[PDB]
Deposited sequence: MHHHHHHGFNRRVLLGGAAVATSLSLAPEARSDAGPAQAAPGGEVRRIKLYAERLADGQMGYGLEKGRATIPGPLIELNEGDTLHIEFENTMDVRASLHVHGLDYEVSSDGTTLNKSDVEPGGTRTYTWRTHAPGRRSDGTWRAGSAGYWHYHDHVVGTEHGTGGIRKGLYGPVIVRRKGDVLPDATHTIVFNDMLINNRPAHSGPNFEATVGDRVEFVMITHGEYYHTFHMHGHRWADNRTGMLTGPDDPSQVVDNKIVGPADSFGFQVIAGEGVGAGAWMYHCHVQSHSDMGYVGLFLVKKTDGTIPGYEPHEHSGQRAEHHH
């Protein structure tokens, strides 16, 4: 386990948005991907560059109330303030009561808990969210990672995103939901296991294999697929499968190229 240190900034963005960045003027929505191995400690030197209180709160990871990011625990950040947040992670192991301590590993996320309301409704709506992956020793690592956030009726706060791969690429997706509504995440031409890694461990793994998954606010899951496995290259749509949501125009493509670089035209 390594001790890692990063800077993070909350900033107002154009069009009434808010985002996290690794550097001032570089905030994105979603925020930057944070990747740890079980046992790693992360110190986030967080600077609130905004005129409203804001925080950093994380799902899944080990933190003390001093890093809750809540009003309740006085661990949000005043306008223009700085605070060091600490996230820890642990490997699984056998407890002295004979049980198995679940590790930190999994698909997680971070978001604001104080903009607009004491639940971060305003900050989340405006873009203060980002993905976190914690890996277990011997986890299969991907060729690329893509984050898809269903935030209210938006995808990654975009106007009313595409991801490119080549056939055979090991492609990871992080899938985070925020806001008021339930959604169903669907990907054409691909499927995954409903389990920790989104991949079956082997023949003894009875997890359902799905291409559709109901998600609600602050749900996070992830998976890896082999791009075009058994289906070939093409424009592979992903969408919410709630009919009226899918009808609002937000057509995302998983663009899987043949080895020569072509996609069967669309």
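Chemist: Could you give the ranges of the deposited sequence that carry no C-alpha coordinates?
Modeler: Unmodelled stretches: 1 to 42, 203 to 205, 312 to 325.
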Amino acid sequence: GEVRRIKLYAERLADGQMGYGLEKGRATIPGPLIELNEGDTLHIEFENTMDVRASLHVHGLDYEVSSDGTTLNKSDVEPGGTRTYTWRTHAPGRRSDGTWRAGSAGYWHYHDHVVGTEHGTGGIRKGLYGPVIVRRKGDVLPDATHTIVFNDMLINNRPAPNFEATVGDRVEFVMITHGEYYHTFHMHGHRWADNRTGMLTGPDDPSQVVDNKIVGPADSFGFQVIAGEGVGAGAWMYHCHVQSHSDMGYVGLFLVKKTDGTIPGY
From here on, numbers count along this sequence of modelled residues.
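Chemist: Got a sec? Mean C-alpha B-factor, which is higher, 114 to 122 or 171 to 179?
Modeler: It is 114 to 122 that shows the higher mean C-alpha B-factor.
Chemist: If you take the mean CA temperature factor per stretch, which one wins between 25 to 33 and 215 to 223?
Modeler: Per the deposited B-factors, the answer is 25 to 33.
Chemist: Among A165, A193, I148, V134, which residue carries the highest C-alpha B-factor recorded in the PDB entry?
Modeler: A165 has the highest C-alpha B-factor of those listed.
Chemist: Highest recorded C-alpha temperature factor, please, choosing from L42, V210, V58, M50.
Modeler: Answer, based on the entry's C-alpha B-factors: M50.
Chemist: Among the modelled residues of this chain, does the Cα B factor of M18 put it in the lowest, middle or highest third?
Modeler: CA B-factor rank for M18: lowest third.
Chemist: Within this chain's modelled residues, let me know which third the CA B factor of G98 belongs to: lowest, middle or highest.
Modeler: As the PDB entry reports it, the C-alpha B-factor of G98 lands in the middle third of its chain.
Chemist: Sorting by Cα B-factor within the chain, modelled residues only, which third would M237 end up in: lowest, middle or highest?
Modeler: Top third by C-alpha B-factor.
Chemist: Grab the CA temperature factor for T201 from the record and place it in the lowest, middle or highest third of its chain.
Modeler: Highest third.
Chemist: Would the CA B-factor of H186 place it in the lowest, middle or highest third of its chain?
Modeler: Lowest third - that is where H186 ends up once the chain's C-alpha B-factors are sorted.
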